[PDB]
Each structure stands twice: as structure tokens, then as C-alpha cells.
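The chain below stands alone and is given in C-alpha cells; this is the form deposited in one PDB entry.
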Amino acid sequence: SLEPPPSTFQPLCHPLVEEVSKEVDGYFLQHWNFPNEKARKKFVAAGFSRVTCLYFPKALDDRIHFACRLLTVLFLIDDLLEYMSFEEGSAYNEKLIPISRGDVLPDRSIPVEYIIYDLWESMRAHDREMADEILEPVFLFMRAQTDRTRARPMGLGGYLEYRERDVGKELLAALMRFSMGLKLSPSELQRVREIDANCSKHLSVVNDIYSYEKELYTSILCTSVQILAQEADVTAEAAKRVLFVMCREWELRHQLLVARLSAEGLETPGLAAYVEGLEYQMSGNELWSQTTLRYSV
């Protein structure tokens, strides 16, 4: 099989993983309109709350659950969208957006509508200012869930630059800041721009490495594995390995940029905690990619 190269990074989980998993999972099991029982067992087996704790281990104890709820519903909605058309899904989420802003009261008879309205109302209660900060990142993501992918020849360079702007990863960085109470200033973010780009790249390639077998079932393939294999003319497996070393090079560069950021006296306490959180998203994303059933054939 495939062996991951040496890494100075290691996966961690949020301390309250078990308590939150129970809480959040419980809520949805009683509120979410699940199809049959096999579905409820498939939901618990997924442990979305646990996935979230693996991504945001350094999240505040009284905030980690918000993230678990947020991602949980996003994962669920993403599954529903699978059985819908771009027109349907687009309209579906576009409706939940005003409900998320809290500018439209939900139809209490529809689960997803009040779960969303409630989740955001709850969030604004805990921290109005920061809760508003993640509104845009979330919608940007939601709208992207139903966007049509334009196919065009892309070399490794173009592909990687494209992933640097991935909205899913942008959502994770903004959600992580919320779960950690990190209110970074405009100057501080523009200060870690390279770090973010590098990280977003890491997360994506790691996903490509383990999601390849899945996507290669085409019964519109956009992945670094495919691109690196054709450009270097090697097998997909050969490309996966090469891509993995590249990822370690991005971990190194991360440490370099973090050292540079500090050496220049620009590492405020927040950025310190932030760039650390990012290190855990990278290691967390890797363990997840290696186990999640989403990538299972």
C-alpha cells in the first residue's frame, strides 16, 4: 500500500470530543428528518462532531460544539444536494441564507430551516461580532456546493494556485478562528496570507491523494494526482508518493514562514495560536483523509 513520509506534525483531537459528539449527535438524531434507521446508524458511524474535533483541537471548550453543529448540518445538506439539480440545490441553500443571517424566520415545521436559524441565533448570542465574521465564508461555501465546474487544461502550477483559493479551506480557517475566539485584525491576516495559501494547498493535495480511487470511477476529474501523473508520465500511485513528499515540503515551509513571522517581531499572540491551529488542520486533515468513509469505494 501507500506509506506516508516522515512528518514533524501530529494529529490531535479536542479534549471534549466524547461529550460534544454525544450532545450534537443527539440533537440531530431527534431533530433531523432521517430516512430510515440504517441512515441513523450511518450518521452516528460518521461522527461529524468527532471530525470537527480532529480539525479544531485547540478550540475553546465552550465553542467547539458550534463548529460541530455548523459542519454537521453542512455535511448533511451536502448529502441532500447530491440528489438535487444545480437549480434545485442553488435555490435550496439560497433560501437558508437569509434564515442564517436571521433576516427570515424559519418554518418550524421544516427541520433544516429552524436548525439553521437556531444555530446562527445561538452563535450571535455567544459572540455577535465574531458570529457575523463567518457569515460570508459560510455562504460563499454554500453557494459553491452547487457551482458548475468549468473544465480547462491545467498544469500542476495552475491547479495548486486554484486550490490556494479553495472556499472549503477558507471556511475552515474562518470557522477555526471563531472556535478559538481569535479576532485577528486586517493587518494580521494580510500578514499570514502566504501561510494560509501554503496550508490550503497542503489540505487539498492530501485530500486528492486519498480521494483519488473514489473519483476515478467516472461511470470532470480535477485532481493533483491525475495532473502530476500525466505531466511526469508515471502511475497515479507514483504521483501520490511524489505529491506526499511535496506536502512535507509545505509543512517545512510552514515552519519557515512561522519562524520568519516571529523573527520580524510580527507574531502577536493571536497569530501564534492561529498558525498553530493551521498546523493541526494539516495533520488532522491527513488522518481524516486516511479514514473517512467519504473516500471509501
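One-based numbering along the sequence shown. Superpose the two forms; the largest set of C-alphas matching within 1.5 Å is the rigid core.
Heads up, the form deposited in another entry isn't pictured, but that's what we're talking about next.
Among the candidates 29, 39, 236, 60, displacement between this form and the one not shown reaches 2 angstroms at the C-alpha for one position only, 236 (superposition on the rigid core).
Positional change of residue 93 between this form and the one not shown stays under 2 Å at the C-alpha, relative to the superposed core.
Residue displacement note: residue 156 has its CA displaced by at least 2 Å between this form and the one not shown (rigid core superposed). Residue displacement note: residue 51 has its CA displaced by under 2 Å between this form and the one not shown (rigid core superposed). Between residue 185 and residue 166, the Cα spacing is larger in that other deposited form than in the shown form, differing by no less than 3 Å.
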